[PDB]
Amino acid sequence: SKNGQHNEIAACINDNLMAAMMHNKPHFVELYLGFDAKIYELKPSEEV
Amino acid sequence: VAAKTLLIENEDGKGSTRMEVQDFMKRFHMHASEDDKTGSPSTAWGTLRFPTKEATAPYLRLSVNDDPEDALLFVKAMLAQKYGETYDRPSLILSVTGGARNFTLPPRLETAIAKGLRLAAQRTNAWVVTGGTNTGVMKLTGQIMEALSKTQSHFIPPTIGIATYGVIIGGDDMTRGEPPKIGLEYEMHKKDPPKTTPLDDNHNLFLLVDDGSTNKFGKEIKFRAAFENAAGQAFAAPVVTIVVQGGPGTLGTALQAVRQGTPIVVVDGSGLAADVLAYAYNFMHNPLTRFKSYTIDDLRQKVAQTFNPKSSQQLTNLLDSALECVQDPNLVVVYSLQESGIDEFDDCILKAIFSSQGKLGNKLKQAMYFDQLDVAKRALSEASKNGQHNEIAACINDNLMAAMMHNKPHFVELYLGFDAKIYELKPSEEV
Amino acid sequence: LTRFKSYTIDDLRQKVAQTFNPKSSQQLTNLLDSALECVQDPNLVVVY
Amino acid sequence: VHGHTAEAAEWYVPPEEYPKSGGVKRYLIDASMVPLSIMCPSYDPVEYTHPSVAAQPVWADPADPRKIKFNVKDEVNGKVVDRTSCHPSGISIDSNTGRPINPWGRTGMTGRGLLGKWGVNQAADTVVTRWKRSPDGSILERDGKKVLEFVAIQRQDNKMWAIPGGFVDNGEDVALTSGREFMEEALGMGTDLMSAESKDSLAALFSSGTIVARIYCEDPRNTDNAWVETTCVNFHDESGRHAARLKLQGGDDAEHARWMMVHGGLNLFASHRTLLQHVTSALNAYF
Amino acid sequence: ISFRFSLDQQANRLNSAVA
Ligand SMILES: Nc1ncnc2c1ncn2[C@@H]1O[C@H](COP(=O)(O)OP(=O)(O)OC[C@H]2O[C@@H](O)[C@H](O)[C@@H]2O)[C@@H](O)[C@H]1O
Ligand SMILES: Nc1ncnc2c1ncn2[C@@H]1O[C@H](COP(=O)(O)OP(=O)(O)OC[C@H]2O[C@@H](O)[C@H](O)[C@@H]2O)[C@@H](O)[C@H]1O
Ligand SMILES: [Ca+2]
Ligand SMILES: [Ca+2]
């Protein structure tokens with residue numbers, strides 16, 4: 001965040017948030033949601 | 001129904017006289033073209049109605065040669081019209097300057113700046129002066145003050161926007177007609193060639209400075225500085241500039257602010273010009289060890305990578321101006337997240353206030369507003385040790401009166417402990 | 001202690017001159033000499 | 001790395017418009033044609049002398065420079081004037097008019113201009129320095145060296161910051177001139193303000209001075225027949241006690257005076273950056 | 001602070017008093 005690498009944070013924040021929800025880590029869920037991760041932009045791993 | 005008469009405050013500062021709107025408005029001129037110098041009387045003054053905003057915002061297009069005291073009289077007259085004669089006078093002026101173009105700030109930093117500005121504005125009933133355009137940090141500041149309009153009832157602190165008239169879309173629409181334009185719909189998405197800068201919809205007032213030019217920026221900087229100093233002298237209130245990011249013009253506004261004695265608060269970590277002014281403050285004064293490897297050559301490279309000048313002489317002039325700005329250590333206060341903290345921005349603002357021109361009563365009054373007893377006791381103790389007891393005694397009564405009024409019992413106990421006789425209180429007005 | 005490491009007799013002489021204001025230089029010299037001769041024994045002076 | 005760098009052409013060329021002359025412009029010459037060893041036949045300088053100098057004041061030499069001896073101490077009206085240049089070759093005298101020719105190069109303009117004396121105008125600059133200290137008392141350190149701090153005045157004529165100093169009057173030395181200009185410009189003394197000790201503190205400050213340099217000035221008022229050469233006197237306050245008693249207040253031909261850090265990006269009048277370089281070189285300070 | 005201080009002090013003559 002300090003070094004201007006915000007784009008890489010935003011590109012991986014959704015998948016990290018998805019993984020954090022799946023493995024029951026609420027504190028990591030709160031952190032990732034605090035770091036500008038939109039809740040409605042989740043995507044499934046497989047294709048329906 | 002359009003207003004026909006207004007209460008304009010006298011030059012003596014003791015009362016308001018009722019005078020016609022057209023009789024006062026005449027003093028304002030506008031320029032139809034660059035060639036024109038004398039001008040013609042301004043027909044572009046009224047109120048603009050913005051979509052999704054409940055309150056309406058006054059606008060006045062005025063010339064570069066117009067008196068800033070007259071504009072100050074205009075803002076006092078509107079405030080007097082809207083909120084009555086006994087409106088909450090400002091004890092603090094917060095100028096927010098910075099980047100016109102869009103930028104993204106870190107969430108902790110954005111949260112800290114928003115929280116600190118909101119806290120400072122709501123505690124001191126402060127006048128926030130920004131650029132007034134619907135882009136970047138000024139618009140962001142507008143959004144911050146938008147939340148103030150939701151969280152607060154009755155009095156809302158004015159958000160004066162000072163912008164150059166020659167770049168604003170819809171200037172021709174605003175000029176044409178018979179003013180005032182009561183409740184004029186503003187269409188921010190309409191294409192007015194050759195202009196691309198809309199007004200911010202969250203700003204409570206607008207001053208469009210006109211010189212007859214088109215698409216030239218930075219023409220309103222000197223008038224803005226003069227208006228803030230005039231407001232500061234009139235309300236006996238300190239002026240605090242806040243610098244978040246910024247381009248080349250942010251350096252010139254900060255230069256005008258420091259030269260006129262106004263302290264600046266530079267938000268470190270927001271990038272661009274703020275990082276430059278901070279690198280400069282750390283290089284010139286910080287005694288800490290991390291800032292011991294700082295050199296002018298690395299500063300020059302940082303200036304070159306951020307602003308990108310065309311010529312070497314331009315960079316030399318830009319650095320020279322940047323190094324000349326931080327010459328006086330009292331006038332610059334640098335706020336950084338990794339050293340101070342998230343909830344320490346208001347302390348930085350108070351530190352900038354205390355570093356200004358000596359007026360103990362005013363500094364103790366601001367310290368009483370921010371609820372910082374340690375700062376006030378240390379200032380009083382330093383004055384007590386240095387034989388400045390007379391100045392303590394001259395201002396202790398008014399400070400005690402103010403402390404009683406604003407419900408600060410600890411400050412009341414302190415001031416009463418510092419030899420303030422209880423029976424020597426005096427009313428502000430005359431019975 | 002370190003704060004009192006910058007203390008000099010010249011600044012002491014100026015302090016004596018600004019407070020008591022002697023008419024003659026010999027009077028100040030006698031007054032300082034008397035003041036410096038008083039604190040010769042560290043046990044007999046306690047500063048609060 | 002750089003290829004055709006072709007050394008460093010450090011040569012000084014004064015600006016085209018002469019200061020306070022009402023728009024009179026010199027004859028322009030590029031910086032690669034300035035030295036006197038190269039021939040350069042296309043040279044047509046303009047002869048200009050200021051009305052103030054032409055009105056003949058006490059500090060101005062006579063309009064006919066014949067019978068005046070240079071490179072040695074000369075007595076004018078029983079008062080000694082230096083007239084010796086720091087250039088190793090010395091001053092050569094033109095046979096046609098008897099006027100001296102500047103050994104430091106061409107400036108594209110003859111006559112005396114704003115300078116009152118033919119040849120070398122000896123100026124004295126006073127650099128009063130102290131270590132830049134934080135409140136806690138520790139000296140600030142940048143690039144592994146301790147940081148100095150000097151008293152700078154803002155000049156009346158062009159409103160650009162500079163070292164206090166001035167031309168040496170007739171019958172006086174560099175010591176009084178340096179001290180007198182520092183009291184007149186930086187402290188506004190005379191034109192009895194401070195008294196007793198403060199003067200004594202200043203006397204303590206003035207008891208230890210070192211002549212750090214005697215160089216040629218890059219002064220814009222320089223001509224082909226009159227040029228400024230400076231002797232620089234450094235007054236350093238090691239403890240910082242004497243420097244702290246100075247109440248800085250601009251007077252005479254100075255608007256504002258302040259303590260300013262020394263670095264390589266400073267924009268000062270004439271060749272004062274070179275003088276500050278010499279002061280920091282002598283004291284092993286940052287620059 | 002004492003070490004830092006003991007450390008700070010550990011790191012043509014002209015007389016211009018006539019002015
Ligand atoms: N007040 C303005 N509003 C909108 N756009 C502007 C403004 N001023 C300049 N611009 C244009 O927007 C571009 C982005 O400007 P930045 O470099 O991001 O910011 P800067 O030019 O420093 O703007 C300084 C201006 O903004 C205010 O905060 C401040 O009062 C100052 O007037 C610039 O190239 C410029 O052409
Ligand atoms: N030989 C002389 N030449 C020019 N002016 C002189 C002379 N002698 C006296 N004067 C008078 O002194 C005034 C010059 O101002 P000073 O304060 O005496 O000196 P100033 O020019 O301000 O400073 C000289 C500065 O130039 C640099 O080259 C040099 O390093 C020095 O710092 C002039 O107005 C003039 O009336
Ligand atoms: Ca001078
Ligand atoms: Ca002078």
# chains A, B, ... in the order shown; residues from 1 in each chain; ligands from 1
call {"tool": "interface_residues", "arguments": {"of": "chain D", "to": "chain B", "cutoff": "10 Å", "atoms": "only C-alpha atoms", "output": "list in words"}}
result
residues 132, 133, 134, 135, 136, 138, 139, 140, 141, 142, 143, 144, 145, 147, 258, 259, 260, 261, 263, 264, 265, 266, 267 and 287 of chain D
call {"tool": "write_last_selection", "arguments": {"atoms": "N, CA, C and O atoms", "output": "short mmCIF file (atom, residue, chain, number, x, y, z; two decimals), in the first residue's frame"}}
result
data_model
loop_
_atom_site.label_atom_id
_atom_site.label_comp_id
_atom_site.auth_asym_id
_atom_site.auth_seq_id
_atom_site.Cartn_x
_atom_site.Cartn_y
_atom_site.Cartn_z
N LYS D 132 23.94 24.22 12.76
CA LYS D 132 22.49 24.07 12.79
C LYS D 132 22.10 23.02 13.81
O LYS D 132 22.40 21.84 13.65
N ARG D 133 21.43 23.46 14.87
CA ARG D 133 21.08 22.58 15.97
C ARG D 133 19.58 22.45 16.12
O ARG D 133 18.81 23.40 15.92
N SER D 134 19.18 21.23 16.48
CA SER D 134 17.84 20.86 16.91
C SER D 134 17.55 21.37 18.34
O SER D 134 18.49 21.83 19.01
N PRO D 135 16.28 21.42 18.82
CA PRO D 135 16.03 21.86 20.19
C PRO D 135 16.88 21.06 21.17
O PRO D 135 17.56 21.66 21.98
N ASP D 136 16.82 19.72 21.09
CA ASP D 136 17.55 18.89 22.05
C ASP D 136 19.05 19.25 22.19
O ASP D 136 19.70 18.81 23.14
N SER D 138 21.54 18.61 19.79
CA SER D 138 22.40 17.86 18.89
C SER D 138 22.49 18.54 17.53
O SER D 138 21.49 19.07 17.04
N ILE D 139 23.70 18.57 16.96
CA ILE D 139 23.94 19.20 15.67
C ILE D 139 23.36 18.31 14.58
O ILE D 139 23.50 17.08 14.63
N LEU D 140 22.63 18.92 13.64
CA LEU D 140 22.06 18.20 12.50
C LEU D 140 23.14 17.73 11.53
O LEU D 140 24.08 18.47 11.23
N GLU D 141 23.01 16.50 11.05
CA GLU D 141 24.03 15.87 10.22
C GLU D 141 23.39 15.35 8.94
O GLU D 141 22.43 14.57 8.99
N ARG D 142 23.92 15.77 7.79
CA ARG D 142 23.47 15.32 6.48
C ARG D 142 24.70 14.94 5.68
O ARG D 142 25.69 15.68 5.70
N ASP D 143 24.61 13.79 4.97
CA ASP D 143 25.64 13.16 4.11
C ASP D 143 26.94 12.87 4.90
O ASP D 143 28.07 13.05 4.43
N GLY D 144 26.78 12.50 6.18
CA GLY D 144 27.87 12.20 7.07
C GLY D 144 28.68 13.38 7.58
O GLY D 144 29.73 13.17 8.20
N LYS D 145 28.23 14.61 7.36
CA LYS D 145 28.93 15.81 7.79
C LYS D 145 27.96 16.71 8.54
O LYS D 145 26.75 16.66 8.31
N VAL D 147 26.07 20.12 9.62
CA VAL D 147 25.42 21.13 8.80
C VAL D 147 25.65 22.51 9.42
O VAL D 147 25.40 22.71 10.61
N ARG D 258 17.86 36.51 7.68
CA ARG D 258 17.50 35.24 8.31
C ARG D 258 18.66 34.26 8.25
O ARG D 258 19.59 34.39 7.45
N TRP D 259 18.62 33.29 9.17
CA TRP D 259 19.52 32.14 9.19
C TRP D 259 19.13 31.06 8.18
O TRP D 259 17.99 30.59 8.19
N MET D 260 20.06 30.68 7.30
CA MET D 260 19.78 29.81 6.16
C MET D 260 20.81 28.70 5.99
O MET D 260 21.99 28.88 6.30
N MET D 261 20.28 27.51 5.72
CA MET D 261 21.17 26.33 5.63
C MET D 261 22.03 26.47 4.39
O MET D 261 21.60 27.14 3.45
N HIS D 263 23.73 24.66 1.21
CA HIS D 263 23.69 23.52 0.31
C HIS D 263 24.01 24.01 -1.09
O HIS D 263 24.08 25.22 -1.34
N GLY D 264 24.20 23.06 -2.00
CA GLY D 264 24.63 23.37 -3.36
C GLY D 264 23.56 23.95 -4.26
O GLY D 264 23.90 24.47 -5.33
N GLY D 265 22.29 23.89 -3.86
CA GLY D 265 21.24 24.42 -4.70
C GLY D 265 20.82 25.83 -4.36
O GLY D 265 19.71 26.23 -4.74
N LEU D 266 21.63 26.58 -3.62
CA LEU D 266 21.29 27.93 -3.20
C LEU D 266 21.42 28.90 -4.37
O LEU D 266 22.36 28.80 -5.17
N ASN D 267 20.48 29.83 -4.48
CA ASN D 267 20.51 30.84 -5.52
C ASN D 267 20.84 32.21 -4.92
O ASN D 267 19.99 32.97 -4.46
N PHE D 287 27.94 20.28 1.98
CA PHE D 287 27.72 21.19 0.83
C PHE D 287 27.42 20.37 -0.43
O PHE D 287 26.42 20.63 -1.07
#
call {"tool": "residues_near_ligand", "arguments": {"ligand": "ligand 3", "cutoff": "6 Å", "atoms": "only C-alpha atoms and all ligand atoms", "output": "list in words"}}
result
residues 164, 165 and 166 of chain D
call {"tool": "write_last_selection", "arguments": {"atoms": "N, CA, C and O atoms", "output": "PDB file, in the first residue's frame"}}
result
ATOM      1  N   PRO D 164      25.828  39.353   3.339  1.00  0.00           N
ATOM      2  CA  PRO D 164      26.105  40.768   3.647  1.00  0.00           C
ATOM      3  C   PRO D 164      27.534  41.178   3.309  1.00  0.00           C
ATOM      4  O   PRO D 164      28.473  40.398   3.478  1.00  0.00           O
ATOM      5  N   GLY D 165      27.690  42.385   2.786  1.00  0.00           N
ATOM      6  CA  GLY D 165      29.020  42.837   2.425  1.00  0.00           C
ATOM      7  C   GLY D 165      28.955  44.084   1.580  1.00  0.00           C
ATOM      8  O   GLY D 165      27.880  44.535   1.175  1.00  0.00           O
ATOM      9  N   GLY D 166      30.130  44.639   1.321  1.00  0.00           N
ATOM     10  CA  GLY D 166      30.185  45.869   0.553  1.00  0.00           C
ATOM     11  C   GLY D 166      31.597  46.254   0.185  1.00  0.00           C
ATOM     12  O   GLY D 166      32.563  45.573   0.548  1.00  0.00           O
TER      13      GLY D 166
END
call {"tool": "residues_near_ligand", "arguments": {"ligand": "ligand 2", "cutoff": "7 Å", "atoms": "only C-alpha atoms and all ligand atoms", "output": "PyMOL selection string"}}
result
chain D and resi 59-60+114-117+121+123-125+163-169+181+217+219+228-230+253+270+272
call {"tool": "write_last_selection", "arguments": {"atoms": "N, CA and C atoms", "output": "CSV table (one decimal), in the first residue's frame"}}
result
chain,number,residue,atom,x,y,z
D,59,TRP,N,33.8,58.3,-3.3
D,59,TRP,CA,34.3,57.0,-3.5
D,59,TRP,C,34.6,56.6,-5.0
D,60,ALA,N,34.5,57.6,-5.9
D,60,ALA,CA,34.7,57.4,-7.3
D,60,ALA,C,36.0,57.9,-7.7
D,114,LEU,N,28.4,51.0,-13.2
D,114,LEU,CA,28.0,51.3,-11.8
D,114,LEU,C,29.2,51.3,-10.9
D,115,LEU,N,30.4,50.8,-11.3
D,115,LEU,CA,31.5,50.7,-10.4
D,115,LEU,C,32.3,52.0,-10.4
D,116,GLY,N,32.7,52.5,-9.2
D,116,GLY,CA,33.3,53.8,-9.0
D,116,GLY,C,34.8,53.8,-9.3
D,117,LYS,N,35.4,52.7,-9.2
D,117,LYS,CA,36.9,52.6,-9.2
D,117,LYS,C,37.3,51.8,-10.5
D,121,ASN,N,37.7,46.5,-7.9
D,121,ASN,CA,36.9,47.0,-6.8
D,121,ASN,C,36.9,45.9,-5.7
D,123,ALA,N,35.8,44.1,-2.6
D,123,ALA,CA,34.6,44.0,-1.8
D,123,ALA,C,35.0,43.0,-0.7
D,124,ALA,N,34.3,43.2,0.5
D,124,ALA,CA,34.4,42.3,1.6
D,124,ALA,C,33.1,41.8,1.9
D,125,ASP,N,33.0,40.4,2.0
D,125,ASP,CA,31.8,39.7,2.4
D,125,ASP,C,32.0,39.0,3.8
D,163,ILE,N,24.9,37.2,0.7
D,163,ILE,CA,25.8,37.4,1.8
D,163,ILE,C,25.9,38.9,2.1
D,164,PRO,N,25.8,39.4,3.3
D,164,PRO,CA,26.1,40.8,3.6
D,164,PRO,C,27.5,41.2,3.3
D,165,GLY,N,27.7,42.4,2.8
D,165,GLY,CA,29.0,42.8,2.4
D,165,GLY,C,29.0,44.1,1.6
D,166,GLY,N,30.1,44.6,1.3
D,166,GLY,CA,30.2,45.9,0.6
D,166,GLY,C,31.6,46.3,0.2
D,167,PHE,N,31.7,47.3,-0.6
D,167,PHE,CA,33.0,47.8,-1.1
D,167,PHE,C,33.8,48.5,0.0
D,168,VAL,N,35.1,48.3,-0.1
D,168,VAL,CA,36.0,48.9,0.9
D,168,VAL,C,36.2,50.3,0.7
D,169,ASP,N,35.9,51.1,1.7
D,169,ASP,CA,36.1,52.6,1.6
D,169,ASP,C,37.6,52.9,1.7
D,181,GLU,N,29.7,46.8,7.7
D,181,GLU,CA,28.6,46.4,6.8
D,181,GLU,C,27.7,45.3,7.5
D,217,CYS,N,34.6,37.8,-8.4
D,217,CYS,CA,33.2,37.8,-8.3
D,217,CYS,C,32.6,37.7,-9.7
D,219,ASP,N,29.8,39.0,-10.6
D,219,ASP,CA,28.9,40.1,-10.3
D,219,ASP,C,28.3,40.7,-11.7
D,228,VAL,N,34.7,43.4,-9.8
D,228,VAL,CA,34.6,43.3,-8.3
D,228,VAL,C,35.4,42.0,-8.0
D,229,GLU,N,36.3,42.1,-7.0
D,229,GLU,CA,37.0,41.0,-6.4
D,229,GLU,C,36.8,41.0,-4.9
D,230,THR,N,36.5,39.8,-4.3
D,230,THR,CA,36.0,39.8,-3.0
D,230,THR,C,37.1,39.1,-2.1
D,253,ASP,N,20.3,49.0,3.1
D,253,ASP,CA,19.9,48.5,1.8
D,253,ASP,C,19.6,47.0,1.8
D,270,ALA,N,25.9,36.9,-7.3
D,270,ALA,CA,27.3,36.8,-7.8
D,270,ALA,C,27.9,35.4,-7.6
D,272,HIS,N,28.7,34.0,-4.6
D,272,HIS,CA,28.6,33.7,-3.2
D,272,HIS,C,28.5,32.2,-2.9
call {"tool": "residues_around", "arguments": {"residues": "residue C:13", "least_positions_apart": "6", "cutoff": "9 Å", "atoms": "only C-alpha atoms", "output": "number ranges by chain"}}
result
C: 28-29, 32
call {"tool": "residues_around", "arguments": {"residues": "stretch 211-218 of chain B", "least_positions_apart": "2", "cutoff": "9 Å", "atoms": "only C-alpha atoms", "output": "mmCIF file with N, CA and C atoms, in the first residue's frame"}}
result
data_model
loop_
_atom_site.group_PDB
_atom_site.id
_atom_site.type_symbol
_atom_site.label_atom_id
_atom_site.label_comp_id
_atom_site.auth_asym_id
_atom_site.auth_seq_id
_atom_site.Cartn_x
_atom_site.Cartn_y
_atom_site.Cartn_z
ATOM 1 N N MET B 30 -17.388 42.005 -14.330
ATOM 2 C CA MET B 30 -17.042 40.788 -15.046
ATOM 3 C C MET B 30 -16.438 41.202 -16.378
ATOM 4 N N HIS B 31 -15.621 40.333 -16.966
ATOM 5 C CA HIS B 31 -14.975 40.650 -18.236
ATOM 6 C C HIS B 31 -15.554 39.772 -19.336
ATOM 7 N N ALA B 32 -16.034 40.413 -20.404
ATOM 8 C CA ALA B 32 -16.571 39.679 -21.544
ATOM 9 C C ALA B 32 -15.456 39.074 -22.389
ATOM 10 N N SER B 33 -14.284 39.707 -22.391
ATOM 11 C CA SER B 33 -13.133 39.257 -23.159
ATOM 12 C C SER B 33 -11.862 39.697 -22.450
ATOM 13 N N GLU B 34 -10.740 39.101 -22.897
ATOM 14 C CA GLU B 34 -9.396 39.348 -22.358
ATOM 15 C C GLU B 34 -8.952 40.796 -22.521
ATOM 16 N N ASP B 35 -9.290 41.403 -23.673
ATOM 17 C CA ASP B 35 -8.939 42.783 -24.032
ATOM 18 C C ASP B 35 -9.511 43.806 -23.048
ATOM 19 N N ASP B 36 -10.744 43.561 -22.582
ATOM 20 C CA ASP B 36 -11.454 44.401 -21.620
ATOM 21 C C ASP B 36 -10.745 44.476 -20.268
ATOM 22 N N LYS B 37 -10.644 45.691 -19.729
ATOM 23 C CA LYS B 37 -9.995 45.919 -18.444
ATOM 24 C C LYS B 37 -10.966 46.506 -17.429
ATOM 25 N N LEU B 62 -16.920 37.431 -10.029
ATOM 26 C CA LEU B 62 -16.289 38.712 -9.746
ATOM 27 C C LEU B 62 -14.893 38.787 -10.354
ATOM 28 N N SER B 63 -14.471 40.017 -10.641
ATOM 29 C CA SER B 63 -13.219 40.318 -11.323
ATOM 30 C C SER B 63 -12.012 40.150 -10.400
ATOM 31 N N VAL B 64 -10.821 40.102 -11.027
ATOM 32 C CA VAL B 64 -9.542 40.059 -10.307
ATOM 33 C C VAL B 64 -9.280 41.379 -9.576
ATOM 34 N N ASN B 65 -9.760 42.492 -10.141
ATOM 35 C CA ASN B 65 -9.524 43.801 -9.548
ATOM 36 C C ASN B 65 -10.502 44.152 -8.435
ATOM 37 N N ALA B 163 -12.820 29.600 -7.749
ATOM 38 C CA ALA B 163 -12.410 28.985 -9.003
ATOM 39 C C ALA B 163 -12.276 30.072 -10.056
ATOM 40 N N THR B 164 -11.408 29.829 -11.041
ATOM 41 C CA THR B 164 -11.272 30.706 -12.200
ATOM 42 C C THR B 164 -12.522 30.589 -13.070
ATOM 43 N N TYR B 165 -13.112 31.739 -13.447
ATOM 44 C CA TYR B 165 -14.350 31.775 -14.235
ATOM 45 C C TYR B 165 -14.143 31.303 -15.671
ATOM 46 N N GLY B 166 -12.932 31.492 -16.224
ATOM 47 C CA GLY B 166 -12.659 31.197 -17.632
ATOM 48 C C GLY B 166 -12.627 29.727 -18.046
ATOM 49 N N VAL B 167 -12.675 28.796 -17.082
ATOM 50 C CA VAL B 167 -12.616 27.364 -17.359
ATOM 51 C C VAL B 167 -13.904 26.645 -16.977
ATOM 52 N N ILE B 168 -14.893 27.355 -16.449
ATOM 53 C CA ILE B 168 -16.087 26.740 -15.880
ATOM 54 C C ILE B 168 -17.137 26.588 -16.974
ATOM 55 N N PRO B 194 -14.783 25.786 -25.074
ATOM 56 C CA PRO B 194 -13.713 24.805 -24.865
ATOM 57 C C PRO B 194 -13.494 24.572 -23.369
ATOM 58 N N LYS B 195 -14.512 24.116 -22.644
ATOM 59 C CA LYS B 195 -14.270 23.994 -21.214
ATOM 60 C C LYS B 195 -14.647 22.594 -20.748
ATOM 61 N N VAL B 209 -13.679 33.834 -10.206
ATOM 62 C CA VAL B 209 -12.758 34.929 -10.497
ATOM 63 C C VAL B 209 -12.522 35.024 -11.997
ATOM 64 N N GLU B 220 -6.433 32.460 -10.013
ATOM 65 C CA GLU B 220 -7.200 32.776 -8.818
ATOM 66 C C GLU B 220 -6.457 32.605 -7.501
ATOM 67 N N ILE B 221 -5.165 32.226 -7.545
ATOM 68 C CA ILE B 221 -4.331 31.872 -6.378
ATOM 69 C C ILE B 221 -4.102 33.056 -5.428
ATOM 70 N N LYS B 222 -3.692 34.206 -5.998
ATOM 71 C CA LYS B 222 -3.422 35.456 -5.271
ATOM 72 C C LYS B 222 -4.660 36.031 -4.580
ATOM 73 N N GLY B 249 0.788 23.755 -9.273
ATOM 74 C CA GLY B 249 0.087 24.905 -8.718
ATOM 75 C C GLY B 249 -0.084 24.872 -7.214
ATOM 76 N N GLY B 252 2.824 26.712 -5.714
ATOM 77 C CA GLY B 252 2.625 28.159 -5.737
ATOM 78 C C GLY B 252 1.629 28.693 -4.717
ATOM 79 N N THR B 253 0.504 27.963 -4.490
ATOM 80 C CA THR B 253 -0.460 28.334 -3.429
ATOM 81 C C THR B 253 0.175 28.221 -2.033
#
call {"tool": "atom_distance", "arguments": {"atom1": "atom CA of residue B:321", "atom2": "atom CA of residue B:256"}}
result
10.9 Å
call {"tool": "residues_around", "arguments": {"residues": "stretch 194-198 of chain D", "least_positions_apart": "5", "cutoff": "10 Å", "atoms": "only C-alpha atoms", "output": "ChimeraX atom specification"}}
result
/C:10-11,13-14,17-18 /D:187,189,203-204,242,245-247
call {"tool": "atom_distance", "arguments": {"atom1": "atom CA of residue B:257", "atom2": "atom CA of residue B:27"}}
result
27.2 Å
call {"tool": "interface_residues", "arguments": {"of": "chain E", "to": "chain C", "cutoff": "12 Å", "atoms": "only C-alpha atoms", "output": "ChimeraX atom specification"}}
result
/E:1-6,9
call {"tool": "residues_near_ligand", "arguments": {"ligand": "ligand 1", "cutoff": "10 Å", "atoms": "only C-alpha atoms and all ligand atoms", "output": "VMD selection string"}}
result
chain B and resid 95 to 103 129 to 139 161 to 164 167 to 168 196 to 200 215 to 222 224 to 225 242 to 254 272 to 273 307
call {"tool": "select_by_dssp", "arguments": {"residues": "stretch 85-193 of chain B", "states": "alpha helix (DSSP H)", "output": "number ranges by chain"}}
result
B: 107-124, 136-151, 171-175
